[PDB]
Structures are given as C-alpha cells and as structure tokens.
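These notes are about the structure you will find just below.
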Amino acid sequence: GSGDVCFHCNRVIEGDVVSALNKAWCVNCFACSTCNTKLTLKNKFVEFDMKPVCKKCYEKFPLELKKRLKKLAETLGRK
Ligand SMILES: [Zn+2]
Ligand SMILES: [Zn+2]
C-alpha cells in the first residue's frame, strides 16, 4: 500500500508494491513469467530477463546459470 504506479500495468498499486527492476510492480500483475504463478512478496521468486521467475523456475536453470540470472535481480530487481 505505498501508492506507487505498478510499472507492470502503469496503474496505482492496488496492493503491495513489489519493487522489481527498481520499479514498482503490482502483486496482481507481477507473476512468474515462466509459470504464470502470481508473484507475492511472501512467495519465493527472482528477476530474470527483466521478468519475474518463481524460485522453482530459477532452479530449472543450470546451477552455473541461475547464479548468472540472479546477478540480474541483484541490480535489476529490488532497487
Ligand atoms: Zn499493476
Ligand atoms: Zn516459474
């Protein structure tokens, strides 16, 4: 309930602002782009290719690749 505009839909956050890619994302719009699983600050997820990825998908990548994809969310994720 901060009041940011979920860059995912460009509309005022209707729930919690999921800071992704340093932008504000709706918990309703932000969803594992690899599973369509609704993303929530309580659920486990990561940023990949500028898209959300559930921890299960982040695990579907080779151990040496996930550490590289996680490198994205580290700077292109929560701020
Ligand atoms: Zn939204
Ligand atoms: Zn997934």
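How things are named: the first chain in the structure tokens is A, the next is B, and so on; residues count from 1 in each chain; ligands count from 1 in the order shown.
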Rows by chain and residue number, chain A within 12 Å of ligand 1, shortest pair, only C-alpha atoms and all ligand atoms, as a Markdown table:
```
| residue | atom | partner | partner_atom_place_in_ligand_line | distance |
| --- | --- | --- | --- | --- |
| A:3 | CA | ligand 1 | 1 (Zn) | 11.2 |
| A:4 | CA | ligand 1 | 1 (Zn) | 9.5 |
| A:5 | CA | ligand 1 | 1 (Zn) | 7.1 |
| A:6 | CA | ligand 1 | 1 (Zn) | 4.1 |
| A:7 | CA | ligand 1 | 1 (Zn) | 6.4 |
| A:8 | CA | ligand 1 | 1 (Zn) | 5.0 |
| A:9 | CA | ligand 1 | 1 (Zn) | 4.2 |
| A:10 | CA | ligand 1 | 1 (Zn) | 6.3 |
| A:11 | CA | ligand 1 | 1 (Zn) | 5.6 |
| A:12 | CA | ligand 1 | 1 (Zn) | 7.1 |
| A:13 | CA | ligand 1 | 1 (Zn) | 6.0 |
| A:14 | CA | ligand 1 | 1 (Zn) | 7.3 |
| A:15 | CA | ligand 1 | 1 (Zn) | 8.8 |
| A:16 | CA | ligand 1 | 1 (Zn) | 9.8 |
| A:17 | CA | ligand 1 | 1 (Zn) | 8.7 |
| A:18 | CA | ligand 1 | 1 (Zn) | 9.3 |
| A:19 | CA | ligand 1 | 1 (Zn) | 11.4 |
| A:20 | CA | ligand 1 | 1 (Zn) | 11.6 |
| A:23 | CA | ligand 1 | 1 (Zn) | 11.0 |
| A:24 | CA | ligand 1 | 1 (Zn) | 8.2 |
| A:25 | CA | ligand 1 | 1 (Zn) | 5.5 |
| A:26 | CA | ligand 1 | 1 (Zn) | 3.7 |
| A:27 | CA | ligand 1 | 1 (Zn) | 6.9 |
| A:28 | CA | ligand 1 | 1 (Zn) | 6.2 |
| A:29 | CA | ligand 1 | 1 (Zn) | 4.7 |
| A:30 | CA | ligand 1 | 1 (Zn) | 7.0 |
| A:31 | CA | ligand 1 | 1 (Zn) | 10.3 |
| A:38 | CA | ligand 1 | 1 (Zn) | 11.7 |
| A:39 | CA | ligand 1 | 1 (Zn) | 11.4 |
```
How about saving the chosen residues, C-alpha atoms kept, as a PDB file, in the first residue's frame?
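This went into selection_27.pdb:
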```pdb
ATOM      1  CA  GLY A   3       0.911   4.289  -3.641  1.00  0.00           C
ATOM      2  CA  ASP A   4       3.441   3.729  -6.460  1.00  0.00           C
ATOM      3  CA  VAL A   5       2.254   3.016 -10.021  1.00  0.00           C
ATOM      4  CA  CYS A   6       2.823  -0.677 -10.829  1.00  0.00           C
ATOM      5  CA  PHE A   7       5.042  -0.256 -13.921  1.00  0.00           C
ATOM      6  CA  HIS A   8       3.631  -3.667 -14.945  1.00  0.00           C
ATOM      7  CA  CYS A   9       0.236  -2.031 -15.636  1.00  0.00           C
ATOM      8  CA  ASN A  10       1.193   1.643 -15.093  1.00  0.00           C
ATOM      9  CA  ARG A  11      -1.651   1.889 -12.542  1.00  0.00           C
ATOM     10  CA  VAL A  12      -1.579   2.858  -8.845  1.00  0.00           C
ATOM     11  CA  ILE A  13      -0.560  -0.152  -6.714  1.00  0.00           C
ATOM     12  CA  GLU A  14      -3.807  -1.862  -5.622  1.00  0.00           C
ATOM     13  CA  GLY A  15      -1.928  -3.979  -3.047  1.00  0.00           C
ATOM     14  CA  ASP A  16       1.771  -4.157  -2.076  1.00  0.00           C
ATOM     15  CA  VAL A  17       4.436  -2.514  -4.259  1.00  0.00           C
ATOM     16  CA  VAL A  18       6.645  -5.388  -5.476  1.00  0.00           C
ATOM     17  CA  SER A  19       9.859  -3.427  -6.137  1.00  0.00           C
ATOM     18  CA  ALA A  20      11.165  -5.163  -9.284  1.00  0.00           C
ATOM     19  CA  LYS A  23      10.319  -0.089 -10.498  1.00  0.00           C
ATOM     20  CA  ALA A  24       7.011  -0.631  -8.667  1.00  0.00           C
ATOM     21  CA  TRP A  25       5.042  -3.773  -9.618  1.00  0.00           C
ATOM     22  CA  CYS A  26       1.515  -4.911  -8.655  1.00  0.00           C
ATOM     23  CA  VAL A  27       1.206  -8.200  -6.743  1.00  0.00           C
ATOM     24  CA  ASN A  28      -1.655  -8.887  -9.174  1.00  0.00           C
ATOM     25  CA  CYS A  29       0.359  -8.072 -12.322  1.00  0.00           C
ATOM     26  CA  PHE A  30       3.769  -9.349 -11.172  1.00  0.00           C
ATOM     27  CA  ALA A  31       3.594 -13.123 -11.818  1.00  0.00           C
ATOM     28  CA  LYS A  38       1.016 -14.824  -9.308  1.00  0.00           C
ATOM     29  CA  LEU A  39       4.052 -13.243  -7.615  1.00  0.00           C
TER      30      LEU A  39
END
```
Notebook entry, point to check: So which residues are near ligand 2, meaning at most 9 Å away with only C-alpha atoms and all ligand atoms counted, given back as a PyMOL selection string?
Noted result: chain A and resi 31-37+45+52-60
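Those residues of chain A that DSSP, working from the backbone, places in alpha helix (DSSP H) are residues 55, 56, 57, 58, 59, 60, 63, 64, 65, 66, 67, 68, 69, 70, 71, 72, 73, 74, 75 and 76 of chain A.
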Next item on the list: Take CA of residue 64 in chain A and CA of residue 41 in chain A and report the distance between them in Å, one decimal.
Entry: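 According to the coordinates, CA of residue 64 in chain A and CA of residue 41 in chain A are separated by 25.6 Å.
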